[PDB]
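Residue numbers (our numbering), protein chains in the order written: chain A, 1 to 100; chain B, 1001 to 1084; chain C, 2001 to 2062; chain D, 3001 to 3208; chain E, 4001 to 4050.
All residues carry an ideal CB built from backbone N, CA and C; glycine is no exception.
Beneath this line is the structure, given in structure tokens, with notes to follow.
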RNA sequence: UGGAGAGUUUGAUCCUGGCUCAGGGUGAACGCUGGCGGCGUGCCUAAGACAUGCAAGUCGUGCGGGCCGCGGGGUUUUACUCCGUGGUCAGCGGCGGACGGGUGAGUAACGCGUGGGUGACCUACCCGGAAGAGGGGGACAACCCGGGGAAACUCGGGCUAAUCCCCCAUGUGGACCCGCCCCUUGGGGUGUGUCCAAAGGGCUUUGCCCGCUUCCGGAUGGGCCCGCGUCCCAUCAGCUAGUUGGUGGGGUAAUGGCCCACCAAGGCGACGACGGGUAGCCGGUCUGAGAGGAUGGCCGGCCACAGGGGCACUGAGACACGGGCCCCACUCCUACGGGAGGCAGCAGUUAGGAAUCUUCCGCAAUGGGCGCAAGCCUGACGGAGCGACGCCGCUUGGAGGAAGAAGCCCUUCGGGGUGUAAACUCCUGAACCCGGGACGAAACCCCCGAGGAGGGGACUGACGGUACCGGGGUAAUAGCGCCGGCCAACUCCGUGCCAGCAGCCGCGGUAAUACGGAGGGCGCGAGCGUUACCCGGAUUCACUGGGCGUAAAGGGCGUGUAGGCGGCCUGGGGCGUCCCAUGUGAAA
């Protein structure tokens, strides 16, 4: 049983490798309300036959690179970049608060 | 290698053992993978004959070994026995 | 560090064992003394708290 | 231990007399009738009022008194009774009398508590065949508190026997004065073999 | 003072004497392999392989 | 089926509100006390230092023997040559030293708890399996001779064999470059060119026993990825230069930039990266009413460290506690050139602290290393001992016995009281000795069948003449705390804001139930108090369970970013959800 998860492909900016950003569910132990958080698994694309936006399925494997675990199976869908949009927007807003 | 022994658990002076199988490394008091009975040589009550013969003959067919009074117990219950 | 009550014994040292209890003054008070150890030992005239006011057993004896 | 000494001097302490020192504590005085009220210079002033917690406490202490025991084993076995999944207090009452000292007392073979305990301690009693010494011994429905063979050949034991022949047993513990013995059965209660107390008061102060 | 630590270090020596002797010999023979294979000749490089 | 609170602010009142005590628990410590018994437990402080005893030994069914010594075989005998040889020593070799064992320095980390991955793998001691086991010889130990050395021991030539060590053969087979079929990230089968074996010893004897050689699978140990959860300070806010990524190598039992070259810039981060602190994690453990706060010793596991760092070599496997290299630091030994020693493995010494144990017994039981077996090792283990350190069992006694002795405390002197208490009586038999006495111990082995079953002869007890059975058996330790309110127990001289009490309000500013004592009394009893520490309480960090109009507290208002909550119907996915089925949730 090798565990997989439905993740949103990001960063084509690498050679033969894409980095998938995923968001998983869980309520709360002793409070309630469900939650959805950042976890970006490493998407192994042999000839960059995948890129930005295009959501796919990701697959846990053996260590292929420096921390790079996981891999990639079947593609899900294109016409995207919306989730990606939200993501990097959040990124800039990260780099919008300072102690200087 | 996996062996079989007798695991006393009683008080300071309560010779009441649980007949136990597990491997050599582990202590006489730790985690028993298996087990399969109990023994009381002191005889406070004739409950002291407890062996699980099925898994016994099996677990000896795979590659376990007895010990001293375990050789004894095994010859008792009918695990060494064969009635030709 | 204070003690139980009236009637001291020490000159210095004593190994007085810091205990621990504020009372209605000495902004802190705290950390009273064994009374027994290497000094103190209750006093010489108490008929009760010998469980820390020293004196083993008064024992009328005669 | 078990107080011992000015015993039923503490019978006026309760303000109430009891089958405690046996003879000199039933007939015309438990050190009573002579004078019944809490001992010491202060006894018959004009008393005040004990708070709920206090009176309920009192009741508990009275319980440990009639049975004559440190509240050690007592309290422990009380929570042990709370462990048994039945109505805690009452179940506790049955399993409370069940201790063989005052059991053998109200079974006959003893005049006083001190007696019963002293005797069983000396190996004078054997339940269901085995001669022991333990008085703090609870017994299951169907035992046989037989007496020792030399203890039948003793005297004050016979005195206790004949100074009884005319008393209905606690409807379960049959008296065999045929060879000195007692047959043990069932489980009574605060309605079957009662006593002048309120149990759930004690229970209510007990655990707060 | 003593203990059979003597034994084990002695014999560890021995088996390492042989070990490293043959080990280094074989390293050097592997150099032989790369030169002869790189050249484009077999037969004797094939002997190397034997 | 599982739960109670009060005190304290004001003249008085209710609410808000914090601090305090009622409770359980703990490695405890001390002060008062102290007796037998059981089962447990019993340095947390300097991971300071550690003297002396055990921890790791074993095999002669692998081999060459040196020696004490024996029958002294041979020697008609000499001196002694050597066949048996009992006892010893080490040497080669094989097996464990990688288990048993300790303890928190390191560490917030896939380390742990945990449900899975390996088509990315290794595992001797047991099993089922297939082919078998020949040929040559080489080297050094030991030993033979000789040198130095206080010692550590160190040196040069000669001998000798062997489950020591290689070279050719044997190939069912393994494994490899190239090929293919199914399987789909190097999993299976199979061809063409290649390599390797093995080693044999001992008897009861031509048959047998231990071991081997190849090869796979099975049992285990474990390795390495992952899904989740996993401690305080954001006054720790940005951060990274093997750093993100590749090809191609090297590396390891195995994938990965873990090491290397080139080339290309990302990489993670407010949901908490970078870092300081802090701690080893878990089953659990005390409380709690429940959810939770806390923490993690004995007992069970995992992680890691052997003074301190780097280290390889070795073996199946370790960077190895009782191994060595280097280094630094550190004690001790010496004939002064030079040498060695290391217990955060079990007892003990010192300092540290208020504080925490014998430098004893047995291998008998179990149990761990080797051996054909007996057996030798055996601080794993089984116990005595000690301290009330805790709980459970408990004795110090039972019986009658006054209108109430006396001693004493009080008083309006009437007595109340102490106190049936005692005294006196009848009573049993603690402790103590005498007779006996365990279990724990039937194996293993031997004889029998075959060495397989079964039966039968049998070593085998430290604990300790102890739990206990019988006899004789004698009345024989009681102490601590409170007595103003929370609290149940008050009468009497003394004390005069002085001497003291003190968890919180307060008590003595000479009529003190709160301070001393006396009496009686209340709680308890080998226990009683006092202090340190977590929590229920405390709904007082408010999830069941909070507040912000004046009691802590609404942003200076606008504003919109991430984020969260989404009006009415139809269907679609069915991630979250729900029930049902199953693996686990170990043991204790």
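- Bounds of the beta strand (DSSP E) holding residue 77 of chain A are 72–77.
- With a contact defined as Cβ atoms closer than 8 Å, residue 1037 of chain B and residue 1051 of chain B qualify at about 5 Å.
- Rounded to the nearest whole angstrom, the CA to CA distance from residue 3175 of chain D to residue 3107 of chain D is 7 Å.
- Judged by DSSP secondary structure, residue 1061 of chain B falls within the alpha helix (DSSP H) whose first and last residues are 1053–1062.
- Under the three-state reduction of DSSP, residue 1021 of chain B is assigned to strand.
- Contact between the segment 3015–3025 of chain D and the segment 3047–3055 of chain D is absent: fewer than three C-beta pairs spanning the two stretches fall below 8 Å.
- Non-local beta-carbon contacts of residue 33 of chain A in its own chain, meaning distances under 8 Å to residues more than five positions away in sequence, involve 27 in chain order.
- For residue 94 of chain A, the number of other beta carbons within 10 angstroms of its own is below 16, and it is reported as exposed.
- According to DSSP, residue 3130 of chain D shares a beta bridge with D:3127.
- Listed in chain order, the alpha helix (DSSP H) runs fully inside the segment 3138–3207 of chain D are 3156–3162, 3199–3206, counting runs of at least 4 residues.
- With respect to the C-alpha of residue 54 of chain A, the residue from A:73, A:63, A:25 having the closest C-alpha is A:73.
- Less than 8 Å separates the beta-carbon of residue 3101 of chain D from that of residue 3116 of chain D.
- Remark: C-beta atoms of residue 57 of chain A and residue 69 of chain A do not approach each other more closely than 8 Å.
- Counting C-beta pairs closer than 8 Å gives three or more between the segment 2038–2051 of chain C and the segment 2005–2024 of chain C, which meets the contact rule.
- The continuous stretches of beta strand (DSSP E) do not include residue 1076 of chain B, which lies in the alpha helix (DSSP H) extending over residues 1068–1077.
- Following the DSSP letters along the chain, one finds residue 4028 of chain E inside the alpha helix (DSSP H) bounded by residues 4005–4039.
- Between residue 8 of chain A and residue 22 of chain A a beta carbon distance of about 7 Å is seen, short of the 8 Å cut, so the two are scored as contacting.
- Rounded to whole angstroms, the gap between the alpha carbons of residue 3189 of chain D and residue 3085 of chain D is 17 Å.
- Within the same chain, 23, 24, 25 come within 8 Å of residue 36 of chain A by CB-CB distance, once the 5 residues on both sides are set aside.
- For the pair residue 12 of chain A and residue 48 of chain A, the CB atoms are nearer than the 8 Å cut-off.
- D:3066 is the residue among D:3071, D:3164, D:3066, D:3119 whose C-alpha sits nearest the C-alpha of residue 3016 of chain D.
- According to DSSP, residue 1050 of chain B shares a beta bridge with B:1038.
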